[PDB]
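>>> Output the structure for:
(6 chains)
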Protein chains: 6
Amino acid sequence: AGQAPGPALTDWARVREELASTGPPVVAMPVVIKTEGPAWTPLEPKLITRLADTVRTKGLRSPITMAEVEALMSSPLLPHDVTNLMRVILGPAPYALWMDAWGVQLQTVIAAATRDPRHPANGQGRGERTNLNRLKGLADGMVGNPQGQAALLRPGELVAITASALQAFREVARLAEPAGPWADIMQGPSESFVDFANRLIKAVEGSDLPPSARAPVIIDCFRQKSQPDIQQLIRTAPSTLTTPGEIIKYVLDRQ
Amino acid sequence: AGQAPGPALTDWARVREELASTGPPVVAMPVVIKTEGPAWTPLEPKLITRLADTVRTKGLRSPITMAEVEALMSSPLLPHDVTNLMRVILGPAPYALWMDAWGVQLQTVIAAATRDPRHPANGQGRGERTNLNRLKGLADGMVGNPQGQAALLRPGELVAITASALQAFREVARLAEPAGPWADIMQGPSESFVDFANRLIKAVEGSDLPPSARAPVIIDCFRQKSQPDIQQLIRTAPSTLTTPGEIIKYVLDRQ
Amino acid sequence: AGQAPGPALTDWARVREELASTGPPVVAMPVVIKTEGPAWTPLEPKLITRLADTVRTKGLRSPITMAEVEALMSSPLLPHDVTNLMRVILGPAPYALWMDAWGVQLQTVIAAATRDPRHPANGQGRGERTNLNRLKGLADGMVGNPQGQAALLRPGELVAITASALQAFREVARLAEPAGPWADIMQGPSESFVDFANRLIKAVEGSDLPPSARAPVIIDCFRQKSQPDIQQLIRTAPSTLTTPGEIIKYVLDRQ
Amino acid sequence: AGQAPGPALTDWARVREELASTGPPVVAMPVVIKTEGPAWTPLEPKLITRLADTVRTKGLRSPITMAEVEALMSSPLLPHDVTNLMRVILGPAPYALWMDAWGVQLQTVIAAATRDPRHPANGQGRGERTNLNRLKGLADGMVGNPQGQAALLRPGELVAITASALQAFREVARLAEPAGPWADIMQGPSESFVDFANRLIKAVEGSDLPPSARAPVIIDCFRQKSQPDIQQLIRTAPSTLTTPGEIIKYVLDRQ
Amino acid sequence: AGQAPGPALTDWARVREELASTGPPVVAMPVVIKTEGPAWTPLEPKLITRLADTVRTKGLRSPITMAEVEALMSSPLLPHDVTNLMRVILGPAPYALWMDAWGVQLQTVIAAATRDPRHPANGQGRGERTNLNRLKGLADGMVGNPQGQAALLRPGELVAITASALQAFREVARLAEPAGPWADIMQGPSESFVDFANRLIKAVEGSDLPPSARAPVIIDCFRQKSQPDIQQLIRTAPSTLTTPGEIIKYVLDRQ
Amino acid sequence: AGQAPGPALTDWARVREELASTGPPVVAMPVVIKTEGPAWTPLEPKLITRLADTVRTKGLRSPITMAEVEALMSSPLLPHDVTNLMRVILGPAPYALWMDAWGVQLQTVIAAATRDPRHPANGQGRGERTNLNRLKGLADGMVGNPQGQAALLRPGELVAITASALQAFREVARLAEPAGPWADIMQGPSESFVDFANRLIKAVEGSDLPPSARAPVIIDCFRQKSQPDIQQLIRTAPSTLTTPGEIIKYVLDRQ
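Numbers count the residues shown, from 1 in each chain, chains lettered A, B, ... in the order given. Sure, the structure comes next:
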């Protein structure tokens, strides 16, 4: 039993968390292997906002959003937490999908609770068992009470809960690839072509396309979403202009 | 060791407040419950200042300002606090209307105070049965003595107070519509068209009209509330110039 | 016995202060009591300085300055301190008048001291009584001894002192009729018309007086305190011009 | 002894200090009295530094410099410290002068020592005496050793000391008629006529002698210490221009 | 006995570290010894980030990158750490290679382990020798347990490990010509020559080439990786132009 | 009893150091002492860095670098610290020389040792004497072991060590008549005349040169180290021209 020296290690999560937020397509590769703390795991709002941002921008056929969520759900999390996390990231419509899916995942645990009355999450006698009510939060002291849910549930059940949740999440997050951010990028008459080009180029830098498909998309935005007379100015540009840079030059020539 | 580890749980409350106070247009879906704490709950002044900003600017004409009071009035706190918040936010005349509404509201408690003694804000024995004077703060140890009210009142009496007050607020925050900030928006030689326009766009954003009413209202403050040669300049502008953007472009074109 | 659980409740004191400095026009109305505390108050430097800044800047000709000085004399404090505060705010000359006025004010307390001895600023038997030299800090161990004055005075006497002071203050702050800091605003070659004007607009922000007197006064002062060739330029200006902004426009046209 | 009350009743220290460092000619008028603390008084640099800044600039041709020293030398000070303080501010040549002057002062203490032994800076019995070598810092254990001086001295002797020091200072703060830093001021091609004019306005701001003498001096510092071609410009200027402002405007007229 | 006096004497490690981070080109010669402290060391993320910065920028065969790597591998660490670190700095492919090399090293310790079954890191009972599973973190209780690896492996073995690791790094850090970043310095129309040239000059400062080979390589880069039209401008350029500065001047001449 | 009340006394040292490092040519004059403290001082990194910066820039051309070194070697320190200080500031060539010089100094202790076997560093018998190996830190336990040196050396020995060290340095810091970094600053096309002047003003401010040798050198620096085409522009400048300011004006005339 506690307390154990020193603490602490290296920390790789601290390192990890750094490298990622420190040149992210350079990729944080150090393992992060966390044990202890309470039965359940505390939370950080910062991780949530930066996840909200990603959920805004990329969404969630991105494997950044997916990567950052995955990592966050290595946690033994309470039902109230899962509820909030899910309702927050998914918002009304997809949360329903998830809620349902997740309900199947619980249903599949009542199968394994029945197959194994004594698996990790499970108890050793008839009441002590992991039951529908536990799992749905309908047990007495769970419902309306996250501390009670925390006082009643075991870490094994919390992990089972978080996998079920992650599962139901993977099952739901495969819908609606068609991009996205770019579509709300229109040149302001307030804005310079270059400020726009840069805002857009930033979004394109942030796209997941093959570089070779980037430039046709960029040129389409230039052609379609700059300023009409400038679009027309582009119409007079040759086809011998073949990259946005050449086009940028053509505009720079006239100012 | 003991009691209640860590203290305590995690971190929805914090995350809510965080997330709210972060890019507000669409924010903060996690459920937050906060048991227990002292019998009553000392205030957050910053949240209250910015509420005053909202209450100033938009007021209660947003259900964001209203939404934010609601949230702030989940708190159990004392008649002195109710008083000090309401006098300050309402200002004299509407504070008076509220006062009257709040007494009415309190009158409905004197029915539920007689009818029932089982309720959280009432006692069983005659001396435990709650009196008017306590509920009106006109009880001994209450008048000129919040520490005394704090010392006399039960939690159930706070929620009751809070409920009569919120009701009496809901009952008063029906009154008034006509927008609003706009009425002070007019262009001097003190600011440029660009400056005025921005100030206006920011306001525009803050108006609650559907987008369909926004251009005609913008256009109207422009023609009459721009600088006099510039209103005239707008009178020379083609009718064909239809969105604000085009009209802005027409000003952009000539200096 | 003792002391004071938690401490504490709302704040309403700091909240009051806060609000005032948070949109000055109409803000800051909660009730503030401050319950119990040093009854032998050891003030705060910042609160005096910003008052100093108002006394310097505006002066004391303000029912807001007077108000904030009142508010600062809500405290139970020592005569010595009352003296230093008054010496700094009043400035030497009025301070002297005050000092006399305060002695008269104090003289009328020797009436209520002789009439009654029950009151908080007094004691029952002959020595128990609060003597004049004591009330004036003029008794032994008080002379050249504010701590000794603190050890010899009891709380009620301090409130009395404060009331006498506070009255004596009010009897002196009837003040001038000329206004104001404005009189030394004059355009040098050190500053543009715009800067000068803006400096004048700041001063106009500082004119609380009838909105209706401001533009004739401004046109006159602008005419007279502007740079001479500008004065003459204003001497060429149209009579039809009715506001400074029009007048600014006229200058704005020529350079 | 105690328990203490609390420590402790306050401020006018910070209030005093604050006001002075918040506009020096907007005189600080409270009163601060002091006791206690160890035998004597330790110091922090901010006042020493800001004094050095004064000592450089006006020095001790300001009766505010003399004043800020007078006040710092209200303190019960240990001789080594004093010695050093004087060694810093005076500089070797006047430091010497002081040294000699102080030594006389020290002689005058042997007078009050020979006359009497009843003083705070002396013992009553002959063994109790505050001898010459001791008075000189040069008694056994005082030699080279301010902690030993501190272990052998008495507070009454720190006062005695501080007076001896302070006196010898005052006789010597007789100093220079000439002024002042101003004399090195001459326009470089590094700086503009305006930069020179604002810098000369700092020199003027630091020239506190009659205003009526300031403008002739100012204009002279223009005539002889402006850049040469600008001098030549000033020669073309008419004697009709009678202020620096009028002259500044003539310059401003030309580019 | 223990723990440490005072704690403690200080600190050429800090001084070393300071100096390095203080105008890096030629600094940092104090000897730095530091035992005691932990049994084995939990690193500090900062050193890793800056190394990651160097690994990015320079890469890893530099005489300074190697120097900071040696230093980071100057004290015992877990296999787990070593793993994560090597995997991050080398990247998967070179890390894999690294493992291979490291394995050869690990084999070579099983020789020194067979040769001396009673070596200081080795066993002093019987089968509690330095085995492949220990060295691999796969001994019982080290299996998926970095804490268990830290609790079962002896410091002598960690040092042994650290040398093998370092060897395998030396053994691997024998590859890679590329220079490198440089290949991505081009001039888009997004940058001026002056920004580009500066970016390039920084990259050339960071070159290892003799200065005398630096200018032909910049001159070629200037000719080849400027904006095309800027290259045509360079194309007109005298053969007598013979430095980048002369080239810079040449462009400077034309706009 | 003991051990150190209050803390503390005046300061005189930190203040001293401040004043110096705040007004450098207007040098700080308090006497500074600091008994007691550690047995021997284990360095301060900021203070070593700022000496390092002086050692970079001026080094021992300023009797400031020495001054700061003297102050820093004004208390007893370890052979390892001394060694580390010397190898870092002298760097390899002058360090070797100093080792040698220091070795001479160590020889002179074996004389003073022979003459008095029981002088301050020594102790009763031979082993309490300070043998050569002790003096070299090569006595059993000191040997590559600065903790061992701290465990084995007395203060009396360190102060002989420190003196000897400082002595051999004073002896060594003679070499170099040439002045100063300046010889490596020339104009590029990368930065203009104003920036060259800035560098030049810096070199001038950094000259120790009599003021009278600064104009020949400065003008020489202009004729010889400015941009060539500018040196040529300068070749046309009148021979009457005497200061940089007239040259600056000549360039300005052509700007």
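>>> For chain D, see how far away the nearest residue to residue A:233 once chain neighbours are set aside is.
What sits nearest to residue A:233 in space, not counting adjacent residues and going by C-beta to C-beta, 6 or more residues apart in numbering or on different chains, is residue A:251, at 7.2 Å. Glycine gets a C-beta too; all of them are placed from N, C-alpha and C. From residue A:251 across to chain D, the span is 37 Å (C-beta to the nearest C-beta, to the nearest Å).
>>> Please state the backbone phi and psi of residue A:251?
In terms of degrees, to the nearest 10, the main-chain angles of residue A:251 are phi -60, psi -50.
>>> what do you get for residue A:248?
As for residue A:248, its main-chain torsions (degrees, to the nearest 10) stand at phi -60, psi -40.
>>> Return the distance of it relative to residue A:197.
From residue A:248 over to residue A:197 the distance is 7 Å, taken as C-beta to C-beta, to the nearest Å.
>>> which of those two has more neighbours?
residue A:197 (22 against 19; other C-beta atoms under 10 Å in any protein chain shown).
>>> Look up which helix or strand that one falls in, please.
helix A:193-205 (DSSP states H and E).
>>> just to revisit the earlier point, wait, isn't the residue nearest to residue A:233 in contact with residue A:193?
Yes: between residue A:251 and residue A:193 a contact is recorded at 5.9 Å, counting by C-beta atoms under 8 Å.
>>> Now do the shared contacts for those two.
Taking C-beta atoms under 8 Å, 6 or more residues apart in numbering or on different chains as the contact rule, residue A:251 and residue A:193 both touch residue A:230.
>>> show me what contacts the spatially most central residue of chain A?
Centroid-nearest residue in chain A, with C-alpha atoms, centre = their mean: residue A:65, separated by 3.0 Å. Residues in contact with residue A:65 (C-beta under 8 Å, 6+ apart) are A:51, A:54, A:55, A:58, A:59.
>>> Now with 10 Å, please.
A:51, A:53, A:54, A:55, A:56, A:57, A:58, A:59, A:89, A:173 (C-beta atoms under 10 Å, 6 or more residues apart in numbering or on different chains).
>>> rewinding a little: what about the helix holding residue A:197 and chain E, any contact?
Yes: for helix A:193-205, a contact with chain E is found by C-beta under 10 Å from any C-beta of the partner chain, at A:194, A:197, A:198, A:201.
>>> mind listing what's buried in the very next helix or strand once past that helix?
Where DSSP H and E defines the elements, the next helix or strand beyond helix A:193-205 is helix A:211-225. Using 16 or more other C-beta atoms under 10 Å in any protein chain shown as the test for burial, helix A:211-225 gives A:214, A:217, A:218, A:219, A:221, A:222, A:225.
>>> How about stretch A:4-20?
Within stretch A:4-20, judged by 16+ other C-beta under 10 Å, the buried ones are A:9, A:10, A:11, A:12, A:13, A:14, A:15, A:16, A:17, A:18, A:19, A:20.
>>> And these, which is closest to residue D:184?
Distance to residue D:184 across the buried residues of stretch A:4-20 (C-beta to C-beta) is lowest for residue A:18, with 53.4 Å.
>>> Surely the closest one and residue E:44 touch.
No: using C-beta atoms under 10 Å, residue A:18 is not in contact with residue E:44; the gap is 11.2 Å.
>>> Mutual contacts of the two, please.
residue A:11.
>>> The helix holding residue A:197: how far from the chain's middle?
Offset of helix A:193-205 from its chain centre (C-alpha atoms, centre = their mean, to the nearest Å): 24 Å.
>>> Run through who's touching it.
By C-beta under 10 Å, 6+ apart, the residues outside helix A:193-205 that reach it are A:57, A:179-188, A:191-192, A:211, A:214-215, A:217-218, A:221-222, A:225-227, A:230, A:233, A:244, A:247-248, A:251-252, A:255, E:189-190.
>>> Alpha carbons of it, as PDB, please.
C-alpha atoms of helix A:193-205 as PDB (Å, rounded to 0.1, in the frame of the first residue of the first chain):
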ATOM      1  CA  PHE A 193      -6.700  38.600 -52.000                       C
ATOM      2  CA  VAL A 194      -3.400  37.600 -50.300                       C
ATOM      3  CA  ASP A 195      -5.000  37.500 -46.900                       C
ATOM      4  CA  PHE A 196      -7.700  35.200 -48.400                       C
ATOM      5  CA  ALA A 197      -5.200  33.200 -50.300                       C
ATOM      6  CA  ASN A 198      -3.300  32.800 -47.100                       C
ATOM      7  CA  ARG A 199      -6.500  31.900 -45.100                       C
ATOM      8  CA  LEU A 200      -7.400  29.300 -47.900                       C
ATOM      9  CA  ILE A 201      -3.800  28.100 -48.300                       C
ATOM     10  CA  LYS A 202      -3.800  27.500 -44.600                       C
ATOM     11  CA  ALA A 203      -7.000  25.400 -44.900                       C
ATOM     12  CA  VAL A 204      -5.500  23.500 -48.000                       C
ATOM     13  CA  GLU A 205      -2.300  22.900 -46.000                       C
END
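>>> thinking again about what came up before, what about burial for the contacts of helix A:193-205, which qualify?
A:180-182, A:187, A:214, A:217-218, A:221-222, A:225-227, A:230, A:233, A:244, A:247-248, A:251, E:189-190.
>>> just to revisit the earlier point, next, the angle from the helix holding residue A:197 to helix A:211-225.
Helix A:193-205 runs at 140 degrees relative to helix A:211-225, counting by axes from the mean of the first three to the mean of the last three C-alpha atoms, to 10 degrees.
>>> quick check, stretch A:9-24 touching chain E?
Yes: Stretch A:9-24 comes into contact with chain E (C-beta under 10 Å from any C-beta), by way of A:9, A:10, A:11, A:12, A:14, A:15, A:16, A:17, A:18, A:19, A:22, A:23.
>>> correct me, but the fifth one touches residue A:22?
Right, the one you point to is residue A:14. No: at 11.8 Å, residue A:14 and residue A:22 do not qualify as touching, with contact defined as C-beta under 10 Å.
>>> Now do the shared contacts for the two.
The overlap between the contact sets of residue A:14 and residue A:22 (C-beta under 10 Å, 6+ apart) consists of residue E:45.
>>> farthest-separated two in the contacts of residue A:65?
Within these, A:53 and A:173 form the most distant pair, 16.5 Å apart (C-beta to C-beta).
>>> Please say which of these two ends up with more neighbours.
The neighbour comparison of residue A:53 against residue A:173 (other C-beta under 10 Å) goes to residue A:173, with 20 against 13.
>>> Just give the number of residues close to the closest residue to residue A:23 other than its chain neighbours.
Excluding its sequence neighbours, the residue lying closest to residue A:23 (C-beta to C-beta, 6+ apart) is residue E:56, at 7.1 Å. Residue E:56 is flanked by 12 other residues according to other C-beta under 10 Å.
>>> Helix or strand for residue E:56, just tell me which one.
Per DSSP H and E: residue E:56 is located in helix E:45-57.
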